[PDB]
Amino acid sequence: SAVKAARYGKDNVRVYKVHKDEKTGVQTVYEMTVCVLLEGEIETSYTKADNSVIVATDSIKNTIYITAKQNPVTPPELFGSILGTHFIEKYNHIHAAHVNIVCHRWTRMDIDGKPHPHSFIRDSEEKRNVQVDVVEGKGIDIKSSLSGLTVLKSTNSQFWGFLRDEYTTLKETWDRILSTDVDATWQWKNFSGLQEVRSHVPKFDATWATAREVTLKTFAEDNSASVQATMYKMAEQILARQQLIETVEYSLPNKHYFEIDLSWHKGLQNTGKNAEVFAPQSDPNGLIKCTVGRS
């Protein structure tokens, strides 16, 4: 037998950092969960019980805290690139670092219509994520994403003209509820190293904001022919607005809300144009994915 692939590291490292503006008194908080996995010439730890090649996962944890202490933690694309680069430069036998970061929302509170200097609210479980792969000699590959954005529209969604055969019971519809949890990922062109990532720093926050805005606007405004058609329109616009993105991927559950026929009860009318009360379905769910790239 032989080791074909191996990676190891520390997962679920929770980190909080505060920045204190000494002039204005304003404080800003960041909280993240970080995973770092390393690859390299480490096969002998598996095959010969040779621990000399192992950077202990506990040391990886320490490194994450030290790196957060000494560097900015935002945008997460930059922090992940610094962290990944550290490992491949520091350790001769480590040749790739894989860094995943999940950013948790801490939104500044408005009290009496003014922004509070040091109090925050978690407004929603929506996350901003990054995956950074730093590979010695092959640069830095960054995938950025948003996830956990849950939306619903109560009309202006249709689904008709699909294939009908002996397996089909679904009725065509010209008016339905559409609800989904949005997972959207944009993949950056490969960067040659940390200098290049630093040169593009302002684009990271701006592109996240654009991706979010395009998603929300398109969802709200599209008279949707299907999840497939609407998601394609989103990806198209993101690619048009940021030339440094190579691909955009969307993965969307279709969370069903079923009509409830109440006509058995005193002829109560609750279907089609008369539908007011629906039963949200926890499962099953449609799952629709697409990756869109440049011509």
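We number the residues from 1 along the sequence you see.
Asks: Comparing 25-33 with 266-274, which stretch shows the greater average C-alpha B-factor in the deposited entry?
Replies: If you average the C-alpha B-factors of 25-33 and of 266-274, the larger mean comes out for 266-274.
Asks: Determine, for stretches 110-118 and 95-103, which one has the higher mean CA B-factor as deposited.
Replies: The stretch with the larger mean CA B-factor is 110-118.
Asks: Between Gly84, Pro76, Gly148, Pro202, where does the Cα B-factor run highest in the record?
Replies: Top of the list by C-alpha B-factor: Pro202.
Asks: Return the residue from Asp183, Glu126, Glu221, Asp133 that has the highest Cα B-factor in the entry.
Replies: Of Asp183, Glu126, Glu221, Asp133, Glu221 has the highest C-alpha B-factor.
Asks: Which third, lowest, middle or highest, does the CA B-factor of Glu39 fall in along this chain?
Replies: Tercile = middle for this residue's CA B-factor.
Asks: Looking at the entry's B-factor column for C-alpha atoms only, identify whether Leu252 ranks in the lowest, middle or highest third of its chain.
Replies: It belongs to the lowest third of the chain when residues are ordered by C-alpha B-factor.
Asks: Ranked by Cα temperature factor within the chain, is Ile54 in the lowest third, the middle third or the highest third?
Replies: Tercile = middle for this residue's CA B-factor.
Asks: Split into thirds by Cα B-factor across the chain's modelled residues, where does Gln237 land: lowest, middle or highest?
Replies: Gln237: CA B-factor falls in the highest third of its chain.
Asks: Would you please rank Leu163 by its C-alpha temperature factor against the other modelled residues of its chain and give the third it falls in: lowest, middle or highest?
Replies: As the PDB entry reports it, the C-alpha B-factor of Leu163 lands in the highest third of its chain.
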